[PDB]
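*Asks:* Numbering (PDB author numbering) for the first sequence: 9 to 335.
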Amino acid sequence: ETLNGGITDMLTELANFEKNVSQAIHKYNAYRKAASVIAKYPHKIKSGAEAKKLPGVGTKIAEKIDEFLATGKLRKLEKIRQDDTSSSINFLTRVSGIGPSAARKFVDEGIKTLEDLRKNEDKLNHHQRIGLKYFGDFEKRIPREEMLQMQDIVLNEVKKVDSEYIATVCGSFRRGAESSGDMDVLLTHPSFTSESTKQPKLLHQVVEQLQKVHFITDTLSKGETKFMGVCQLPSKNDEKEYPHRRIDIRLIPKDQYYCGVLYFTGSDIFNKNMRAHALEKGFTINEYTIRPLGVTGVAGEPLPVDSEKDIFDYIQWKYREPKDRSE
DNA sequence: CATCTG
DNA sequence: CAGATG
Ligand code: NA
Ligand code: NA
Numbered sequence: 009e010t011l012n013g014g015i016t017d018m019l020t021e022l023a024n025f026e027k028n029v030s031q032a033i034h035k036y037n038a039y040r041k042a043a044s045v046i047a048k049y050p051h052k053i054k055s056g057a058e059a060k061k062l063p064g065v066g067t068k069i070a071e072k073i074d075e076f077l078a079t080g081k082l083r084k085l086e087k088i089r090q091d092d093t094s095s096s097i098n099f100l101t102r103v104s105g106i107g108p109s110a111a112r113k114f115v116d117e118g119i120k121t122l123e124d125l126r127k128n129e130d131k132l133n134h135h136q137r138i139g140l141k142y143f144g145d146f147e148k149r150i151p152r153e154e155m156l157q158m159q160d161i162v163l164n165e166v167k168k169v170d171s172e173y174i175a176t177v178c179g180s181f182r183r184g185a186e187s188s189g190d191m192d193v194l195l196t197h198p199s200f201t202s203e204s205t206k207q208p209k210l211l212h213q214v215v216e217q218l219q220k221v222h223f224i225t226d227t228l229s230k231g232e233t234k235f236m237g238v239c240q241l242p243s244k245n246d247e248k249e250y251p252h253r254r255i256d257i258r259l260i261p262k263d264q265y266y267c268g269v270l271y272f273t274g275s276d277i278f279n280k281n282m283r284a285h286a287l288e289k290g291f292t293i294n295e296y297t298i299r300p301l302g303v304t305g306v307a308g309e310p311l312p313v314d315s316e317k318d319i320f321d322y323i324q325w326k327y328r329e330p331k332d333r334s335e
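(1) Kindly provide the ranges of any alpha helix (DSSP H) runs that are 4 or more residues long and lie completely inside the stretch 53 to 101, ordered along the chain.
(2) Check the DSSP bridge columns for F291 and list the partner residues they point to.
(3) Between the Cα of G184 and those of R152, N164, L194, spot the shortest distance and give me the residue it belongs to.
(4) Under 8 Å between the Cβ atoms of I53 and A59?
(5) Can you name the residues that DSSP bridges to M236?
(6) From this set, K35, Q240, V29, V45, which residue's C-alpha is nearest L11's C-alpha?
(7) Please indicate yes or no: does the CB of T121 lie closer than 7 Å to some heavy atom of ligand 1?
(8) Who does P261 pair with in a DSSP beta bridge?
(9) Which parts of the stretch 152 to 230 are runs of the alpha helix (DSSP H), unbroken and 4 residues or longer, counting only runs that do not cross its ends?
(10) Checking 8 Å against the spacing of the C-beta atoms, do residue 367 and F235 come in under that value?
(11) Can you list, in chain order, the residues of its chain whose CB lies under 8 Å from that of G107, leaving out five sequence neighbours each side?
(12) List the whole-angstrom C-beta distance separating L195 from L211, where the pair is believed to meet the contact cut-off of C-beta under 8 Å.
(13) Going by DSSP, what residue range makes up the alpha helix (DSSP H) through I106?
(14) Please tell me whether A286 and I260 are closer than 8 Å, where the distance is taken between their beta carbons.
(15) To the nearest angstrom, how far is it from the Cα of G139 to the Cα of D276?
(16) Compare the beta carbon distance of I224 and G189 with 8 Å and say whether it is the shorter of the two.
(17) Secondary structure at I319, three-state DSSP: helix, strand or coil?
(18) Check whether the Cβ of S104 sits closer than 7 Å to any heavy atom of ligand 1, and report yes or no.
(19) Less than 8 Å between the C-beta atoms of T176 and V313, yes or no?
(20) Go ahead and pull the three-state DSSP assignment for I33.
(21) Residue range of the alpha helix (DSSP H) that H135 falls in?
(22) Apart from the five residues on each side of it in sequence, which residues of its chain come closer than 7 Å, Cβ to Cβ, to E232?
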């Protein structure tokens, strides 16, 4: 956690580069397990040879740790932090919808700046385009102050379209977080579940509303279960307008809501730990359900849920208010 | 994993 | 359809 810091860190720096720059999924994938092992590792690695003793630990990595161990730097890391090429990938990518693959094509085409981009808006799909139009707005965090206004807006709409909808904004928002990255709504409807053969309108009808009232400013992708798009709180008495934000709406069968809703609430930690205990208690969990675990190794059969409360009970647990769902 | 691109 | 993004 702090003893093999630099090492894991350098490892991680490297891994990253293999994947983003190099297409180097393998290598990339390699730095990752090593970085992972030295991490758990209780000792203060004092050498490569020492480290190498580790699984995941090859010679190559041992060699780099050595150099690092020796010098507060690494040349290869040093070479990378310069390469306008390497740099231009990291940068581009930041653009929503720009992935690494693209980050390369773009560079090779000589597009390396945000300017480079606008310049060639033509060669960018709608996602990318929206992604560049609100580059600024998208990096900005989301104050809970705005969150609640946001929430309140959504909820008031959906209720309006159907008394029967059940929306829930998950996330850290949900956990108490003072600020958030994007808006995440969990969607449901009684009339829709596991077997229940569809109802697309179920997701659209709402997407529609939001635009009706203009909250949803743009669409990124919209499927019949998951929508990816833009929102914005109306600017008051003109002087201070909001920035644009990312939001996501998604249809969930009424029969695996709480499991999703529990799930998406995080934190990641609270999840596994919940899960690991869920395991003890003779159960299993995933994003969708809780299944009584056989002894034969495994088994299933979706235990019925009607709140995140049902789940706690199942695995016999202390119902946690989302707040403390930290770890 | 669900959507988009081409 | 593969392949890419989130
Ligand atoms: Na990106
Ligand atoms: Na392939």
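For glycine and all other residues, C-beta sits at the position ideal for the given N, C-alpha and C.
*Replies:* Put simply:
(1) 56 to 60, 67 to 78, 83 to 88, 92 to 101
(2) Position 283 of the first sequence, counted from the start, is the residue given in the question as residue 291. Paired residues: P300.
(3) Taking the first sequence and counting its residues from 1, one reaches residue 184 at position 176. The option with the nearest alpha carbon to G184 is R152.
(4) Residue 53 sits at position 45 when you count from the first residue of the first sequence. Residue 59 sits at position 51 when you count from the first residue of the first sequence. Going by C-beta atoms, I53 is nearer than 8 Å to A59.
(5) Position 228 of the first sequence holds residue 236. According to DSSP, which records beta bridges pairwise, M236 is partnered with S229, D256.
(6) As a first step, residue 11 is located in the first sequence; it is residue number 3 there, counting from the start. Closest by alpha carbon: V45.
(7) For the purposes of this step, residue 121 is identified with residue 113 of the first sequence, where counting begins at 1. For ligand 1, not one heavy atom lies less than 7 Å from the Cβ of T121.
(8) Along the first sequence, one-based indexing puts residue 261 at 253. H197, per the DSSP bridge assignment.
(9) Those alpha helix (DSSP H) runs which fall completely within the stretch 152 to 230 and span 4+ residues are 152 to 169, 209 to 220.
(10) Nothing can be reported for residue 367, as the shown portion of the chain is limited to 9 through 335.
(11) Here residue 107 corresponds to residue number 99 of the first sequence, with the count starting at 1. Annotation for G107: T101 place their beta carbon closer than 8 Å to its own, counting only its chain and skipping 5 residues before and after.
(12) Along the first sequence, one-based indexing puts residue 195 at 187. Along the first sequence, one-based indexing puts residue 211 at 203. Yes, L195 and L211 are in contact; Cβ-Cβ is about 7 Å, under 8 Å.
(13) Sequence index remark: in the first sequence, residue 106 carries index 98 (1-based). Element bounds for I106: n/a, residue is neither H nor E.
(14) Position 278 of the first sequence holds residue 286. Position 252 of the first sequence holds residue 260. No; because the gap between Cβ atoms is not below 8 Å, this pair is not in contact.
(15) Here residue 139 corresponds to residue number 131 of the first sequence, with the count starting at 1. Here residue 276 corresponds to residue number 268 of the first sequence, with the count starting at 1. C-alpha separation (whole angstroms): 27 Å.
(16) In the first sequence, residue 224 corresponds to position 216, counting from 1. In the first sequence, residue 189 corresponds to position 181, counting from 1. No. Outside cutoff.
(17) Residue 319 sits at position 311 when you count from the first residue of the first sequence. In this structure, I319 counts as helix in the three-state DSSP scheme.
(18) Here residue 104 corresponds to residue number 96 of the first sequence, with the count starting at 1. Checking every heavy atom of ligand 1 against the Cβ of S104, one is found closer than 7 Å.
(19) Your numbering for residue 176 matches position 168 in the first sequence. Your numbering for residue 313 matches position 305 in the first sequence. No; because the gap between Cβ atoms is not below 8 Å, this pair is not in contact.
(20) Here residue 33 refers to the residue found at position 25 of the first sequence. In the structure shown, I33 sits in a helix (DSSP, three-state: H, G or I).
(21) Reading the first sequence from its first residue, position 127 is the one you call residue 135. It spans 134 to 141 - the alpha helix (DSSP H) in which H135 sits, taken as one unbroken run.
(22) Indexing the first sequence from 1 puts residue 232 at position 224. Counting only Cβ-Cβ distances below 7 Å, and skipping sequence neighbours, we find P208, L211.
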